[PDB]
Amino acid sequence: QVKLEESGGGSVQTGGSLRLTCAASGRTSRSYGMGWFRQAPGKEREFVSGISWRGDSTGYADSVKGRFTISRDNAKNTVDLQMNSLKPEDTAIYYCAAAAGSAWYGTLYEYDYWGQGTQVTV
């Protein structure tokens, strides 16, 4: 098993930057694809960004192109999400997810573990 804790959320000024972090606990010494998701009020949960185990491959939703950046330090067992040029459309609860294996995925149906999530209001 693996536990994920999201950290770094809060409120932001419209147009301001922000950096989420996700720390993993447990049997963390194996291949994991990590991804960030979010859910706005009255909307369905959607994909934001993802990163491979080795760190080489990454993926972003179209709505966050250029703005957001994903990264991970497997020694520190973390995965962060820079979120520059925020906008009130990006207001949602952001979840950190894990998929066992090397790959990241663009849907939620492939992720095995989820954090509790942090609120982000803009």
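The first residue of the sequence shown is number 1, and the count goes up from there.
Engineer: Comparing 22-30 with 81-89, which has the greater mean CA B-factor as deposited?
Structural biologist: Looking at the recorded C-alpha B-factors, 81-89 comes out higher on average.
Engineer: Look over 9-17 and 97-105 in the entry and identify the one with the greater average Cα temperature factor.
Structural biologist: Taking the mean C-alpha B-factor of 9-17 and of 97-105, the larger value falls to 9-17.
Engineer: Between 49, 74, 71, 57, which one tops the list for Cα B-factor in this entry?
Structural biologist: Each of 49, 74, 71, 57 was compared by C-alpha B-factor; the highest is 74.
Engineer: Would you mind ranking residue 122 by its C-alpha B-factor against the rest of the chain and naming the third, lowest, middle or highest?
Structural biologist: According to the entry, residue 122 has a C-alpha B-factor in the chain's highest third.
Engineer: Going by the entry, which third of its chain does the Cα temperature factor of residue 66 land in?
Structural biologist: Middle third by C-alpha B-factor.
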